[PDB]
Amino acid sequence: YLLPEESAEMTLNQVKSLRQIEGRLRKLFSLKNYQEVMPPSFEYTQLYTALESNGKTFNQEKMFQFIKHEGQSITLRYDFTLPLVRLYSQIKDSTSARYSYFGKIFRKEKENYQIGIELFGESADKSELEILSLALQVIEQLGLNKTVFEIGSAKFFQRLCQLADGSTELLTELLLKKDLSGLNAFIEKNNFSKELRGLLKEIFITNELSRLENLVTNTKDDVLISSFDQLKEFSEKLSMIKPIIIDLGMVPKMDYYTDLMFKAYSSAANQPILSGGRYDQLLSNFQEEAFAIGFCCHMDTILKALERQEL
């Protein structure tokens, strides 16, 4: 027979690969003392659409939903981070917490298996190094031959947008399409310094730490030179594990991304194999202010990449 165009089908092999990787990542996680949690498959539509954005309402278009007999709107697991953040709320004794997860979410786009970890409570500095370090170690278990690891800063992105006549909605679209020409048309409609111009034009196409550091420091902007410096440190402390790439032209995925954010890519696949960052904001949606940071591995993309690679 035919199958629904919403249902995915993994080959007997892909399942072996998936299960091999998990076994390995499971040692790694438990070895780092991360407890696995299995979030419920059903959630209240409220949770999601609500805690996902601000401005014009997030959409329930990609969600599978139905009404309950009690007459409420329930949604199939759409996100793994939210439920785990909630689980942390429900511990009153303010302490550290390392959660991991291995499963799939359900989304709709003309499986969606994921593996990830969350770090709540731990000090700020210690966590960022922990998560980044860990992600690097996860990438080294996938078996992918050529992969880059990119780090960015939402604080840098935001400062940049403010200094750029505060056109964050516009510059976001420019960066997304690396629209060099439109960026150009953008710079000549405004009264930006030489510095800001030199920077905007460059961050769009180079990760050369030396090229970058100059442009930033010339702007003589404290918030920009500070954010870059923080990325530069990470670049140095982690380099021995794997060369790190700084993308000042990175556009924070979620509006709640605090500062650090990072993505990992494999030449054999267009989407990222791993993405994560810091998002303390989400913690406020429940209890009080914490230091929440984590990352997610997109198994579908990783397995897709392992195959192409093979050929």
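For every residue, the number given is its place in the sequence shown, counted from 1.
The stretch of deposited sequence separating residue 110 from residue 111 contains 4 to 9 residues lacking coordinates in this entry. Per-stretch averaging of Cα B factors for 293 to 301 and 10 to 18 places 10 to 18 on top. The question of which stretch, 272 to 280 or 64 to 72, has the higher mean Cα B factor is settled in favour of 64 to 72. Taking the deposited Cα B-factors for 194, 159, 104, 146, the highest one is held by 194.
Comparing the listed residues 38, 31, 244, 47, the entry records the largest Cα B-factor for 47. Among the modelled residues of the chain, residue 213 sits in the highest third by CA temperature factor in this PDB entry. The PDB entry assigns residue 137 a C-alpha temperature factor belonging to the lowest third of its chain's modelled residues. When the modelled residues of the chain are ordered by C-alpha B-factor, residue 115 sits in the lowest third. In the PDB entry, residue 53 places in the highest third of its chain by CA B-factor. Residue 188: CA B factor in the highest third of modelled residues in this chain (values from the PDB entry).
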